[PDB]
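> Return atomic coordinates for the entry below.
(7 chains)
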Amino acid sequence: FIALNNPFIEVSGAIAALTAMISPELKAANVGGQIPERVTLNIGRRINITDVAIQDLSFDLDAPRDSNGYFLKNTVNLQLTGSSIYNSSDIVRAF
Amino acid sequence: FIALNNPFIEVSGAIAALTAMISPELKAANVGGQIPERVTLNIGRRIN
Amino acid sequence: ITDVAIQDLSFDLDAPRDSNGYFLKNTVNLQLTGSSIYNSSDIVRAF
Amino acid sequence: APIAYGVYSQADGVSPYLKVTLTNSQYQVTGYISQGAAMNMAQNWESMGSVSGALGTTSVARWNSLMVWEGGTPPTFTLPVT
Amino acid sequence: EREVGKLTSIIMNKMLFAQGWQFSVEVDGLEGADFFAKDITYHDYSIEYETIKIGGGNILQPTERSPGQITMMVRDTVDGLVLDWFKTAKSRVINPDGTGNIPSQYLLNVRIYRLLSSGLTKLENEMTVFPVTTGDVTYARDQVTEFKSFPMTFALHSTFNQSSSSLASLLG
Amino acid sequence: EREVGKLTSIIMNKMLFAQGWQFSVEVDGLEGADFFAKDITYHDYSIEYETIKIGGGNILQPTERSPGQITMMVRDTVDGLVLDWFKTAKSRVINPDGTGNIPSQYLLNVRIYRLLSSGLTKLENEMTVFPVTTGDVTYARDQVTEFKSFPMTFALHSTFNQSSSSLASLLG
Amino acid sequence: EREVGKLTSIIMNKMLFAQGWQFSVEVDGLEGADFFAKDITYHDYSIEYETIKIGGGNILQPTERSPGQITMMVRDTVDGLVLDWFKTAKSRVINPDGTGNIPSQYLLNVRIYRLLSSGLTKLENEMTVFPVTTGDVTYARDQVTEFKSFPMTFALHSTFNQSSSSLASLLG
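Residues are numbered from 1 along each chain as shown, chains lettered A, B, ... in the order given. Find the structure here:
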């Protein structure tokens, strides 16, 4: 991510959003709402996979800063995995 | 792979084809069809 | 972040020294960890 | 009241946005940030798929096949202060 | 034969090739850059390729368009205005404390012109750049017969958007 | 046309471009640096960027302001004073034993001026520097018609605080 | 104005800048080095620093003082004495077998002098060095109008103790 107009909604907000998406929610009433939720991955416009689970995440802390203290650039490393083994006919549809 | 005339047939279809060849078929009725299919490899024209 | 635990530390012993024997520069490598599994709503507050 | 140490003063001219502070009931330490800091978090999901099956009551079977959530890890840091 | 030479001379004389003194440059913050400017070198983008080895042959494929730069060598008056302008422009890119500003504040536009006959101009290129730095200045004692000079070098921001800038830059 | 040339000449005559012998330098402890000085070369900061590759295009983002350096080439008298001053200044940075002193002791200030008409001066830049080194001296046998010379090179301490120094340096 | 020029001429004429032929060198083992010597270049120590990156700025800190070297280009007579002296001095540093001697045996002292008016001298520097090597010698056939020459280069032992040597060296 690199900021051009508003650093908070571009660089300093996306990191918090990812950090929230990776975590569970243990105060929910139902059992299924406590598990970390799953996301939909769409690489460009041509590869789309559903029910993707986020496993790892990382980012640096020596990025350039704005006069107000928000990042002007950052980089996040992610590892993602599927939730089931795919059949030969199903995996072709993903492309 | 590198495209020269039609990118879909040459570069973007080959990857989908390989991803199809690697995976099994678990909705099949018989037992032999549930294991991923085997392939014939030919390296150039002299090793089969 | 509150309630962090320090689990490793290191520093150099070949740093520049003063005429009285004190360091003029050094560097410390630290490894830190939280003390509980954060919830989705809690972790956003840290930012 | 804790005891101060490090580069806490403002005589050097660097913004407080470029410093770290560690505070407890006894000591307060301030330092800079070097070139190799990062923040990491991780979660555990469970490798081998399975076989002798596939399936055309039905819903429960698939739920077992789906990856399971096992546990997590609190955030960790690697900070080279200076 | 000489007939071919005569025909070539006839065709060559009619068409007037451009000479080397027809350039003109306008900068946003100098209002007088044309008089002070002496030299300028610029290139906008360059295609970068990758070589792929297949057997006993090679095939290339373009990948990128690398950014460019602009540098100029300006003369200066007594009680220098150009040096002060460059200093002020350089200062905005990064605050002395160690913080950086948003892109809209420090960017500027540079325009390169071509001179037609009878004092008419056309636009060659437009680029958005940030001041980068100035190389080095000497100020020797024996330079009795020479004027002051120093180079100013800029760098383009992004290849996606060369000329067009945000609303903040346009409206001030 | 010639009218345009005449107008440009009229414009050019009125404005006086600065010549190369208008520099002036003062060093803290020399007291006579201006007479001995021959050349300078200073650049204060330079802005550094990072190139980020996105698909088939590039975008840059400034990161730093790197420090600079000052060098000068002084003539010397019989029974050298400038040379002894340089050795004394160098010796204070690091003690012969192998221990270093606090920054307040060895730092020094250099001012570079601009000479207006009728002998009036204005400040161009001010920097805090430490003596670093002097490269090489030759003292050849056959240099019958040349004066002695040697270069002195300094390095800027910190970009955060270029000119202002601690109270200890100011009050002695 | 011309009055400033007259004052500058008056002040400049009085002070006599040192010329380039006033050097003098004494070596421990030549007893005639002054006549044979032609060139010499020397630097004693140089401060080395480290750049530390903090955010968007840089701060330096001195760390070391690197050693120096001395090299000289001497003429030689027929039945060379200088070459034999350099060969003998070089041989002591390492025995032909492959063993090294203790430092006291091969070290030597070199002194650089400055020439005052009326044939008086002062000491510029004193260094303790070991012979290192000589670069290369040509001995061409067509050099009918040139004398023989070869360079001798020394290296300083330790920055802690530049001039003072052990008792064995002093008393022989």
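
> Looking at chain E, what residue ends up closest to chain G?
Nearest residue of chain E to chain G: residue E:98, at 3.7 Å (C-beta to the nearest C-beta). Every C-beta, even on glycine, is put in place using the N, C-alpha and C of the backbone.

> could you pull out the strands for chain A?
With DSSP state E as the definition, chain A shows strands at residue ranges A:39-43, A:47-60, A:76-81.

> Which positions within the first one qualify as buried?
Looking back up the chat, that one is strand A:39-43. A:39, A:41 (16 or more other C-beta atoms under 10 Å in any protein chain shown).

> right, quick check: it against chain D, any contact?
No - between strand A:39-43 and chain D, judged by C-beta under 8 Å from any C-beta of the partner chain, nothing touches; the nearest distance is 12.9 Å.

> What angle do strand A:76-81 and that strand make with each other?
Put simply, strand A:39-43 runs at 110 degrees to strand A:76-81, going by axes from the mean of the first three to the mean of the last three C-alpha atoms, to 10 degrees.

> Now tell me what touches strand A:39-43 from outside.
Residues outside strand A:39-43 that contact it (C-beta atoms under 8 Å, 6 or more residues apart in numbering or on different chains) are A:21, A:47, A:48, A:49, A:50, A:51, A:52, A:53, A:54, A:80.

> returning to that earlier point: which of the strands of chain A is buried the deepest?
Of all these, strand A:47-60 carries the top mean neighbour count, a mean of 16, counting by mean count of other C-beta atoms under 10 Å in any protein chain shown.

> So which residue is dead centre in chain A?
Central residue of chain A (C-alpha atoms, centre = their mean): residue A:18, 4.5 Å from the mean position.

> circling back: farthest-apart pair in the contacts of strand A:39-43, please.
A:21 and A:47 (19.6 Å; C-beta to C-beta).

> circling back: for the residue of chain E closest to chain G, which three-state class applies?
coil (DSSP: H, G, I helix; E, B strand; the rest coil).

> ok, back up a step: now the contacts of strand A:39-43 in a markdown table, please, with extra columns for distance to chain B.
As requested, the contacts of strand A:39-43 are exported to a markdown table (distance: C-beta to the nearest C-beta, whole Å):
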| residue | distance to chain B |
| --- | --- |
| A:21 | 27 |
| A:47 | 10 |
| A:48 | 13 |
| A:49 | 12 |
| A:50 | 16 |
| A:51 | 17 |
| A:52 | 16 |
| A:53 | 19 |
| A:54 | 22 |
| A:80 | 16 |
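
> out of these, which touch chain D?
A:53, A:54.

> of the contacts of strand A:39-43, closest to residue F:58?
residue A:47 (24.5 Å).

> Name whatever forms a beta bridge with that closest one.
Here residue A:47 sits in beta bridges with residue A:43, going by DSSP bridges.

> still on that earlier bit, just checking, the residue of chain E closest to chain G touches residue D:12?
No - contact between residue E:98 and residue D:12 fails when scored by C-beta atoms under 8 Å: they sit 10.5 Å apart.

> of these two, who's got more company?
residue E:98 (22 against 13; other C-beta atoms under 10 Å in any protein chain shown).

> how close does the more buried one sit to residue D:15?
Noted for residue E:98: a distance of 6 Å to residue D:15, by C-beta to C-beta, to the nearest Å.

> same deal with residue E:92?
For residue E:92 relative to residue D:15 (C-beta to C-beta), the value is 16 Å.

> Which one's more surrounded, the two?
residue D:15 (19 against 14).

> Quick check on whatever residue of chain A ends up closest to chain D: phi, psi?
Closest to chain D within chain A is residue A:85: 3.5 Å, counting by C-beta to the nearest C-beta. With angles defined as degrees, to the nearest 10, residue A:85 sits at phi -80, psi 130.

> give me every residue that touches it.
B:23, B:24, D:49, D:50, D:65.

> Could you look up the SS state of the spatially most central residue of chain E?
Against the mean C-alpha coordinate of chain E, by C-alpha atoms, centre = their mean, the closest residue is residue E:70 at 3.1 Å. Here residue E:70 is recorded as strand under three-state DSSP.

> ok now do residue E:12, which residues does it touch?
No residues are in contact with residue E:12 under the rule C-beta under 8 Å, 6+ apart.

> Flag every buried residue along the longest helix anywhere in chain A.
Taking DSSP state H as the criterion, chain A has its longest helix at helix A:14-21. For helix A:14-21, the neighbour count (16+ other C-beta under 10 Å) marks A:14, A:15, A:18, A:19, A:20 as buried.

> Pull up the pairing partners for the helix or strand where residue D:22 lies, direction included.
For residue D:22, the host element (DSSP states H and E) is strand D:19-23. Strand D:19-23 pairs in its sheet with strand D:27-32 (antiparallel), by DSSP bridges.

> And the strand it pairs with, how far out from the chain middle?
Its chain's average C-alpha position is 21 Å from that of strand D:27-32, according to C-alpha atoms, centre = their mean, to the nearest Å.

> Stretch E:46-59 now?
32 Å.

> Now chain A against chain G: closest residue?
Counting by C-beta to the nearest C-beta, chain A gets nearest chain G through residue A:64, at 6.3 Å.
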